[PDB]
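*Asks:* One file: final.pdb (PDB, C-alpha atoms).
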```pdb
ATOM      1  CA  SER R   8      33.620  12.108  11.772
ATOM      2  CA  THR R   9      31.305  10.051   9.532
ATOM      3  CA  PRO R  10      27.664  11.107  10.155
ATOM      4  CA  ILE R  11      24.920  10.345   7.665
ATOM      5  CA  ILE R  12      24.407  13.062   5.058
ATOM      6  CA  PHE R  13      20.677  13.862   4.777
ATOM      7  CA  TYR R  14      19.584  15.769   1.642
ATOM      8  CA  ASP R  15      16.541  17.910   2.508
ATOM      9  CA  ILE R  16      14.627  20.607   0.632
ATOM     10  CA  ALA R  17      15.508  24.238   1.318
ATOM     11  CA  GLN R  18      12.479  26.511   1.701
ATOM     12  CA  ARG R  19      12.717  30.171   2.725
ATOM     13  CA  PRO R  20      15.339  31.348   5.250
ATOM     14  CA  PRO R  21      15.680  30.314   8.015
ATOM     15  CA  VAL R  22      15.593  26.859   6.371
ATOM     16  CA  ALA R  23      15.401  25.024   9.729
ATOM     17  CA  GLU R  24      12.164  26.815  10.667
ATOM     18  CA  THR R  25      10.360  26.689   7.285
ATOM     19  CA  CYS R  26      10.919  23.075   6.184
ATOM     20  CA  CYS R  27       7.679  21.486   5.081
ATOM     21  CA  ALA R  28       8.251  18.610   2.604
ATOM     22  CA  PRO R  29       6.348  15.538   3.881
ATOM     23  CA  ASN R  30       8.648  12.693   2.837
ATOM     24  CA  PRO R  31      11.801  14.354   4.251
ATOM     25  CA  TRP R  32       9.879  14.969   7.479
ATOM     26  CA  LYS R  33       9.075  11.247   7.685
ATOM     27  CA  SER R  34      12.753  10.378   7.409
ATOM     28  CA  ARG R  35      13.829  13.135   9.791
ATOM     29  CA  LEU R  36      11.458  11.725  12.416
ATOM     30  CA  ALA R  37      12.878   8.244  11.812
ATOM     31  CA  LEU R  38      16.508   9.451  11.980
ATOM     32  CA  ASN R  39      15.908  11.303  15.258
ATOM     33  CA  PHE R  40      14.033   8.317  16.737
ATOM     34  CA  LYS R  41      16.950   6.025  15.827
ATOM     35  CA  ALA R  42      19.450   8.571  17.237
ATOM     36  CA  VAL R  43      21.830   7.868  14.317
ATOM     37  CA  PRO R  44      24.178  10.853  13.770
ATOM     38  CA  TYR R  45      23.329  12.818  10.641
ATOM     39  CA  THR R  46      23.822  16.252   9.136
ATOM     40  CA  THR R  47      21.435  18.033   6.771
ATOM     41  CA  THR R  48      22.415  19.444   3.387
ATOM     42  CA  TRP R  49      19.687  21.930   2.392
ATOM     43  CA  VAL R  50      19.084  21.584  -1.369
ATOM     44  CA  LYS R  51      18.204  24.830  -3.161
ATOM     45  CA  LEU R  52      16.056  24.537  -6.249
ATOM     46  CA  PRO R  53      13.899  27.005  -8.217
ATOM     47  CA  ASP R  54      10.134  27.139  -7.803
ATOM     48  CA  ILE R  55       8.333  24.472  -9.864
ATOM     49  CA  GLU R  56      11.253  22.074  -9.563
ATOM     50  CA  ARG R  57      11.017  22.472  -5.781
ATOM     51  CA  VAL R  58       7.249  21.963  -5.859
ATOM     52  CA  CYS R  59       7.819  18.912  -8.051
ATOM     53  CA  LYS R  60      10.426  17.411  -5.694
ATOM     54  CA  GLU R  61       8.114  18.162  -2.683
ATOM     55  CA  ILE R  62       4.842  16.730  -3.947
ATOM     56  CA  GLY R  63       4.146  15.382  -7.318
ATOM     57  CA  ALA R  64       3.971  11.870  -8.563
ATOM     58  CA  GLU R  65       6.597   9.154  -8.299
ATOM     59  CA  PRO R  66       7.732   7.576 -11.593
ATOM     60  CA  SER R  67       5.952   4.256 -10.828
ATOM     61  CA  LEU R  71       8.450  -1.528  -5.943
ATOM     62  CA  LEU R  72      11.851  -2.878  -4.839
ATOM     63  CA  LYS R  73      14.805  -0.508  -5.186
ATOM     64  CA  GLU R  74      16.768  -3.257  -7.010
ATOM     65  CA  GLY R  75      14.645  -2.388 -10.062
ATOM     66  CA  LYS R  76      14.549   1.411  -9.562
ATOM     67  CA  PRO R  77      17.298   3.391 -11.340
ATOM     68  CA  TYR R  78      16.168   6.609  -9.604
ATOM     69  CA  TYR R  79      16.169   8.402  -6.263
ATOM     70  CA  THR R  80      13.574  10.742  -4.823
ATOM     71  CA  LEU R  81      14.141  13.080  -1.927
ATOM     72  CA  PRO R  82      15.090  12.756   0.864
ATOM     73  CA  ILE R  83      18.384  11.034   0.036
ATOM     74  CA  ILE R  84      20.871   9.766   2.628
ATOM     75  CA  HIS R  85      24.489   8.862   2.076
ATOM     76  CA  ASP R  86      25.708   6.629   4.898
ATOM     77  CA  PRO R  87      29.541   6.558   4.956
ATOM     78  CA  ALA R  88      29.394   3.586   7.348
ATOM     79  CA  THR R  89      28.279   1.266   4.530
ATOM     80  CA  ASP R  90      28.808   3.657   1.553
ATOM     81  CA  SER R  91      25.110   3.361   0.821
ATOM     82  CA  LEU R  92      23.007   5.866  -1.093
ATOM     83  CA  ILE R  93      19.275   5.534  -0.444
ATOM     84  CA  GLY R  94      16.412   7.601  -1.742
ATOM     85  CA  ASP R  95      12.753   7.052  -0.847
ATOM     86  CA  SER R  96      11.660   7.668   2.738
ATOM     87  CA  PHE R  97      10.353   4.131   3.136
ATOM     88  CA  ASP R  98      13.576   2.460   2.015
ATOM     89  CA  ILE R  99      15.465   4.848   4.316
ATOM     90  CA  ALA R 100      13.429   3.796   7.368
ATOM     91  CA  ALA R 101      13.879   0.138   6.455
ATOM     92  CA  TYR R 102      17.637   0.632   6.002
ATOM     93  CA  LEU R 103      17.947   2.402   9.359
ATOM     94  CA  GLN R 104      16.213  -0.429  11.213
ATOM     95  CA  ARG R 105      18.198  -3.170   9.394
ATOM     96  CA  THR R 106      21.513  -1.391   9.969
ATOM     97  CA  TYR R 107      21.006   0.124  13.458
ATOM     98  CA  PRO R 108      18.418  -2.226  14.963
ATOM     99  CA  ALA R 109      19.231  -1.554  18.622
ATOM    100  CA  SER R 110      20.012   2.147  18.447
ATOM    101  CA  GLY R 111      17.799   4.980  19.623
ATOM    102  CA  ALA R 112      14.248   4.677  20.938
ATOM    103  CA  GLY R 113      13.605   1.136  19.692
ATOM    104  CA  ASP R 114      12.207  -0.811  16.748
ATOM    105  CA  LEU R 115      10.700   1.194  13.878
ATOM    106  CA  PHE R 116       8.849  -1.866  12.485
ATOM    107  CA  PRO R 117       7.372  -4.138  15.171
ATOM    108  CA  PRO R 118       4.631  -6.500  13.974
ATOM    109  CA  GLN R 119       1.302  -4.699  14.015
ATOM    110  CA  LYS R 120      -2.007  -4.625  12.205
ATOM    111  CA  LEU R 121      -2.350  -1.646   9.884
ATOM    112  CA  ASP R 122      -5.931  -2.234   8.668
ATOM    113  CA  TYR R 123      -6.430   1.121   6.949
ATOM    114  CA  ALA R 124      -8.123   1.232   3.543
ATOM    115  CA  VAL R 125      -8.059  -2.550   3.189
ATOM    116  CA  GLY R 126      -9.216  -3.499  -0.291
ATOM    117  CA  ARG R 127      -9.086   0.071  -1.637
ATOM    118  CA  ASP R 128      -6.442  -1.103  -4.147
ATOM    119  CA  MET R 129      -8.658  -3.965  -5.413
ATOM    120  CA  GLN R 130      -8.195  -2.960  -9.072
ATOM    121  CA  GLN R 131      -4.429  -3.538  -8.771
ATOM    122  CA  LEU R 132      -4.763  -6.668  -6.648
ATOM    123  CA  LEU R 133      -6.707  -8.284  -9.494
ATOM    124  CA  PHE R 134      -4.326  -6.692 -12.060
ATOM    125  CA  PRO R 135      -0.899  -6.139 -10.495
ATOM    126  CA  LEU R 136       1.553  -3.728 -12.116
ATOM    127  CA  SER R 137       4.323  -5.917 -10.651
ATOM    128  CA  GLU R 138       4.565  -9.297  -8.918
ATOM    129  CA  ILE R 139       7.751  -8.079  -7.261
ATOM    130  CA  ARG R 140       8.867  -6.982  -3.777
ATOM    131  CA  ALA R 141       6.188  -7.036  -1.063
ATOM    132  CA  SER R 142       9.114  -7.662   1.302
ATOM    133  CA  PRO R 143       7.410  -9.703   4.031
ATOM    134  CA  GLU R 144       7.309  -8.298   7.577
ATOM    135  CA  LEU R 145       7.293  -4.801   6.023
ATOM    136  CA  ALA R 146       4.427  -5.446   3.584
ATOM    137  CA  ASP R 147       1.775  -3.999   5.920
ATOM    138  CA  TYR R 148       3.872  -0.883   6.573
ATOM    139  CA  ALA R 149       4.599  -0.402   2.854
ATOM    140  CA  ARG R 150       0.880  -0.693   2.053
ATOM    141  CA  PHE R 151       0.043   1.819   4.810
ATOM    142  CA  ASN R 152       2.680   4.222   3.451
ATOM    143  CA  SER R 153       1.213   3.965  -0.075
ATOM    144  CA  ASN R 154      -2.390   4.415   1.120
ATOM    145  CA  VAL R 155      -1.647   7.316   3.461
ATOM    146  CA  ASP R 156       0.356   9.120   0.762
ATOM    147  CA  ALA R 157      -2.487   8.741  -1.757
ATOM    148  CA  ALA R 158      -5.091   9.965   0.763
ATOM    149  CA  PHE R 159      -3.129  13.094   1.712
ATOM    150  CA  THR R 160      -2.152  13.767  -1.919
ATOM    151  CA  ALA R 161      -5.849  13.774  -2.843
ATOM    152  CA  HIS R 162      -6.196  16.741  -0.426
ATOM    153  CA  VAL R 163      -2.941  18.588  -1.178
ATOM    154  CA  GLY R 164      -4.786  21.525  -2.778
ATOM    155  CA  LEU R 165      -5.380  22.749   0.782
ATOM    156  CA  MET R 166      -1.643  23.125   1.310
ATOM    157  CA  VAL R 167      -0.825  24.754  -2.035
ATOM    158  CA  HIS R 168      -1.379  28.326  -0.805
ATOM    159  CA  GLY R 169       1.247  27.755   1.897
ATOM    160  CA  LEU R 170       3.916  26.117  -0.316
ATOM    161  CA  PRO R 171       6.814  28.619  -0.062
ATOM    162  CA  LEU R 172       7.737  30.448  -3.260
ATOM    163  CA  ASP R 173      10.787  32.614  -3.927
ATOM    164  CA  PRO R 174       9.363  36.168  -3.798
ATOM    165  CA  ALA R 175      11.327  37.131  -6.929
ATOM    166  CA  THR R 176       9.859  34.343  -9.090
ATOM    167  CA  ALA R 177       6.556  33.801  -7.251
ATOM    168  CA  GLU R 178       4.312  35.770  -9.616
ATOM    169  CA  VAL R 179       5.892  34.182 -12.709
ATOM    170  CA  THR R 180       5.646  30.622 -11.391
ATOM    171  CA  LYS R 181       2.067  31.241 -10.248
ATOM    172  CA  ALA R 182       1.256  32.275 -13.813
ATOM    173  CA  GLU R 183       2.815  29.119 -15.300
ATOM    174  CA  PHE R 184       0.981  26.634 -13.072
ATOM    175  CA  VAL R 185      -2.211  28.312 -14.161
ATOM    176  CA  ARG R 186      -2.093  27.886 -17.978
ATOM    177  CA  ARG R 187      -0.566  24.473 -17.447
ATOM    178  CA  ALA R 188      -3.948  23.911 -15.888
ATOM    179  CA  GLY R 189      -6.683  25.249 -18.098
ATOM    180  CA  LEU R 190      -7.464  27.860 -15.451
ATOM    181  CA  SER R 191      -8.042  31.606 -15.340
ATOM    182  CA  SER R 192      -6.828  32.602 -11.873
ATOM    183  CA  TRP R 193      -4.438  31.481  -9.200
ATOM    184  CA  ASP R 194      -7.466  31.699  -6.872
ATOM    185  CA  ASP R 195      -8.477  28.561  -8.764
ATOM    186  CA  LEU R 196      -5.764  25.989  -7.951
ATOM    187  CA  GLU R 197      -5.069  27.653  -4.627
ATOM    188  CA  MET R 198      -8.702  26.748  -3.715
ATOM    189  CA  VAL R 199     -11.006  29.385  -2.209
ATOM    190  CA  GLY R 200     -14.645  29.502  -1.189
ATOM    191  CA  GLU R 201     -17.013  26.602  -1.739
ATOM    192  CA  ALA R 202     -14.486  24.283  -3.411
ATOM    193  CA  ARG R 203     -12.195  24.774  -0.414
ATOM    194  CA  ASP R 204     -15.063  24.150   2.024
ATOM    195  CA  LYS R 205     -15.870  20.885   0.267
ATOM    196  CA  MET R 206     -12.200  19.833   0.227
ATOM    197  CA  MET R 207     -11.897  20.619   3.959
ATOM    198  CA  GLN R 208     -14.935  18.429   4.691
ATOM    199  CA  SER R 209     -13.418  15.627   2.580
ATOM    200  CA  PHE R 210     -10.093  16.049   4.399
ATOM    201  CA  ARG R 211     -11.840  15.806   7.755
ATOM    202  CA  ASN R 212     -13.641  12.643   6.623
ATOM    203  CA  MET R 213     -10.362  11.142   5.404
ATOM    204  CA  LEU R 214      -8.656  11.876   8.724
ATOM    205  CA  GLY R 215     -11.668  10.281  10.425
ATOM    206  CA  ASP R 216     -10.937   6.894   8.855
ATOM    207  CA  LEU R 217      -7.265   7.268   9.661
ATOM    208  CA  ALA R 218      -8.110   8.295  13.241
ATOM    209  CA  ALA R 219      -9.838   4.949  13.916
ATOM    210  CA  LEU R 220      -6.412   3.297  14.057
ATOM    211  CA  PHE R 221      -4.984   5.878  16.457
ATOM    212  CA  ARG R 222      -8.085   5.587  18.751
ATOM    213  CA  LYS R 223      -7.852   1.839  19.291
ATOM    214  CA  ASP R 224      -5.100   1.924  21.928
ATOM    215  CA  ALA R 225      -6.214   5.019  23.834
ATOM    216  CA  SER R 226      -3.473   4.674  26.478
ATOM    217  CA  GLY R 227      -1.370   6.957  24.238
ATOM    218  CA  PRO R 228      -1.305   8.980  21.023
ATOM    219  CA  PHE R 229       0.579   6.478  18.841
ATOM    220  CA  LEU R 230      -0.855   3.458  17.058
ATOM    221  CA  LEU R 231       0.601   1.243  19.802
ATOM    222  CA  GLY R 232      -0.320   3.564  22.662
ATOM    223  CA  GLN R 233       2.783   5.134  24.205
ATOM    224  CA  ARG R 234       5.103   3.215  21.832
ATOM    225  CA  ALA R 235       5.972   4.993  18.565
ATOM    226  CA  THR R 236       6.658   3.237  15.242
ATOM    227  CA  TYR R 237       7.425   4.224  11.674
ATOM    228  CA  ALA R 238       3.726   4.053  10.845
ATOM    229  CA  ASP R 239       3.148   6.982  13.230
ATOM    230  CA  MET R 240       5.879   8.884  11.377
ATOM    231  CA  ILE R 241       4.281   8.151   8.005
ATOM    232  CA  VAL R 242       1.261  10.115   9.184
ATOM    233  CA  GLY R 243       3.459  12.450  11.229
ATOM    234  CA  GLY R 244       5.393  13.683   8.209
ATOM    235  CA  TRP R 245       2.166  14.879   6.579
ATOM    236  CA  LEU R 246       1.170  16.584   9.839
ATOM    237  CA  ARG R 247       4.459  18.490   9.838
ATOM    238  CA  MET R 248       3.738  19.656   6.308
ATOM    239  CA  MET R 249       0.204  20.695   7.347
ATOM    240  CA  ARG R 250       1.570  22.626  10.322
ATOM    241  CA  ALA R 251       3.943  24.497   8.003
ATOM    242  CA  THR R 252       1.536  25.165   5.115
ATOM    243  CA  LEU R 253      -2.109  25.352   6.241
ATOM    244  CA  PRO R 254      -3.573  28.713   7.293
ATOM    245  CA  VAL R 255      -3.341  29.032  11.074
ATOM    246  CA  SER R 256      -7.094  28.640  11.627
ATOM    247  CA  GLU R 257      -7.272  25.516   9.457
ATOM    248  CA  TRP R 258      -4.333  23.820  11.191
ATOM    249  CA  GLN R 259      -6.054  24.503  14.523
ATOM    250  CA  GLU R 260      -9.324  22.975  13.272
ATOM    251  CA  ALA R 261      -7.505  19.912  11.902
ATOM    252  CA  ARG R 262      -5.563  19.418  15.176
ATOM    253  CA  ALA R 263      -8.933  19.351  16.931
ATOM    254  CA  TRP R 264     -11.026  17.102  14.645
ATOM    255  CA  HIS R 265     -11.985  13.665  15.984
ATOM    256  CA  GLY R 266     -11.538  14.599  19.625
ATOM    257  CA  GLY R 267      -8.022  15.940  19.051
ATOM    258  CA  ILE R 268      -6.321  12.741  17.874
ATOM    259  CA  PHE R 269      -3.918  14.225  15.336
ATOM    260  CA  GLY R 270      -3.092  17.162  17.578
ATOM    261  CA  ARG R 271      -1.966  14.712  20.274
ATOM    262  CA  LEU R 272      -0.006  12.640  17.730
ATOM    263  CA  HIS R 273       1.721  15.772  16.363
ATOM    264  CA  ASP R 274       2.597  16.877  19.921
ATOM    265  CA  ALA R 275       3.887  13.411  20.813
ATOM    266  CA  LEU R 276       6.221  13.457  17.794
ATOM    267  CA  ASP R 277       7.791  16.780  18.904
ATOM    268  CA  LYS R 278      10.427  14.793  20.820
ATOM    269  CA  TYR R 279      11.592  13.326  17.474
ATOM    270  CA  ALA R 280      11.172  16.470  15.376
ATOM    271  CA  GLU R 281      14.477  18.278  16.001
ATOM    272  CA  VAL R 282      15.715  19.930  12.818
ATOM    273  CA  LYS R 283      19.466  19.275  13.071
TER     274      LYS R 283
END
```
Give the structure from the file, written as structure tokens.

*Replies:*
Amino acid sequence: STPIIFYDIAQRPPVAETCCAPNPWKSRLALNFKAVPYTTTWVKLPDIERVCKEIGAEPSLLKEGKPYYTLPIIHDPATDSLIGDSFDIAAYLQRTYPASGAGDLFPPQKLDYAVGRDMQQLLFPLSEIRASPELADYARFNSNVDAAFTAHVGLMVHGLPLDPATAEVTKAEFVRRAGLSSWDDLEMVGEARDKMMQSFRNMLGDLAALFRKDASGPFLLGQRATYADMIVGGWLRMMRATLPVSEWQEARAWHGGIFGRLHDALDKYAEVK
């Protein structure tokens, strides 16, 4: 009678079928993989706040210097811990339940994606803190993947669920906030969308190199899943929920079908309990 409480973002009813926030999906995949009992509290919030909690920039390494929590949040009665931030949640789960579920979320592996892309901050660090060894490669991958998908999030904006009673009003505030004239701008249509789609496909191409290397299965380590697969997998769950049907089908099929097969392989961990 003490399961983990998992705070997730309520979308449109039925909340279990419409959930689309990428960071909560990452943690949900990790929780299901670890087979640790949890229950979901579905947080209701107005448009704009919900968009902000869903995507939208973190305040700007170690939680011992962060006074804040982003969603998802877990309360674990077993240790009376309260943890925000998907990455800290995955780390906590593996530290606290190392032998439970499907195995180890964080085995040693090479995550050579976007190496050197952060050169400006390596020369000029915003903090000499954290970089918790053993996890440093996974934390860097999480940061880089998040930045790469966030650079393409305009493709998913049309599909971000809005309350039909406030939708028109919130649409009219986002435009204005931006110096724009239409919701068609922002939402992205026509040539700007075509160019973003091509960029997105190129971005997934670089990411796909890592999932190609061990071709014996869809995960980075072949048939063995890790948290790094779930970092990407959470964004795929958001894409599935928010891209137009035709565009999700194209993206599933780019690069010989790599991300389609990864998405399908994560189905076993994707139960919305």

*Asks:* Name the residues captured by the PyMOL selection byres ((chain R and resi 223-238) around 10) when it is applied to the shown file; answer as a count of residues only.

*Replies:* 44

*Asks:* Evaluated on this file, the PyMOL selection byres ((chain R and resi 250) around 10) picks out some residues - which ones are they, written as a PyMOL selection string?

*Replies:* chain R and resi 27+166+169+244-249+251-255+257-259+261-262+273

*Asks:* Distance table requested - region 167-241 of chain R against region 58-62 of chain R, cut-off 9 Å, all atoms listed in the file: one row per qualifying residue with the closest atom pair and its distance in Å to one decimal, ordered by chain and rising residue number, as CSV.

*Replies:*
```
residue,atom,partner,partner_atom,distance
R:170,CA,R:58,CA,7.7
R:171,CA,R:58,CA,8.8
R:172,CA,R:58,CA,8.9
```

*Asks:* Quick one: 3 Å padding each side, axis-aligned, all listed atoms of region 106-112 of chain R - centre and edge lengths in Å to one decimal, as lines of an AutoDock Vina configuration file?

*Replies:*
```
center_x = 17.9
center_y = 1.4
center_z = 15.5
size_x = 13.3
size_y = 13.2
size_z = 17.0
```

*Asks:* Would you mind telling me which residue in R:175, R:217, R:11, R:158 lies nearest to residue 99 (chain R) when using all atoms listed in the file?

*Replies:*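 Under the stated criterion, the closest residue is R:11.
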
*Asks:* Residues picked by the PyMOL selection byres ((chain R and resi 126-129) around 12) here, as a list in words?

*Replies:*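 Applied to this file, the PyMOL selection byres ((chain R and resi 126-129) around 12) selects residues 122, 123, 124, 125, 130, 131, 132, 133, 134, 135, 136, 150, 151, 153, 154, 155, 157 and 158 of chain R.
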
*Asks:* Would you kindly return, as a list in words, each protein, DNA or RNA residue with an atom no farther than 12 Å from any atom of residue 205 (chain R), considering only C-alpha atoms and excluding same-chain residues fewer than 5 positions away?

*Replies:*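 The filter keeps residues 162, 164, 165, 198, 199, 200, 210, 211 and 212 of chain R.
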
*Asks:* Got a sec: who's within 10 Å of residue 23 (chain R), counting all atoms listed in the file, leaving out chain neighbours fewer than 3 positions off, as a PyMOL selection string?

*Replies:* chain R and resi 17-20+26-27+47+49+281-283

*Asks:* I'd like the contact shell of region 106-110 of chain R - 8 Å cut-off, all atoms listed in the file, skipping same-chain residues fewer than 6 positions apart - returned as a PyMOL selection string.

*Replies:* chain R and resi 41-43

*Asks:* Set the distance at 12 Å and use all atoms listed in the file: which residues neighbour residue 91 (chain R) once local chain neighbours fewer than 6 positions away are removed? I'd like the list as a list in words.

*Replies:*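 Once the nearby chain positions are removed, what remains is residues 11, 12, 83, 84, 85, 98, 99, 102, 103 and 106 of chain R.
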
*Asks:* Take CA of residue 32 (chain R) and CA of residue 57 (chain R) and report the distance between them in Å, one decimal.

*Replies:*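 These atoms are spaced 15.3 Å apart.
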
*Asks:* Considering all atoms listed in the file, can you say which of R:48, R:30, R:25, R:80 comes closest to residue 13 (chain R)?

*Replies:* R:48

*Asks:* Report the distance between CA of residue 14 (chain R) and CA of residue 142 (chain R) in Å, rounded to one decimal place.

*Replies:*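 These two atoms are separated by 25.7 Å.
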
*Asks:* Would you work out the distance separating CA of residue 187 (chain R) from CA of residue 76 (chain R), expressed in Å to one decimal?

*Replies:* 28.7 Å
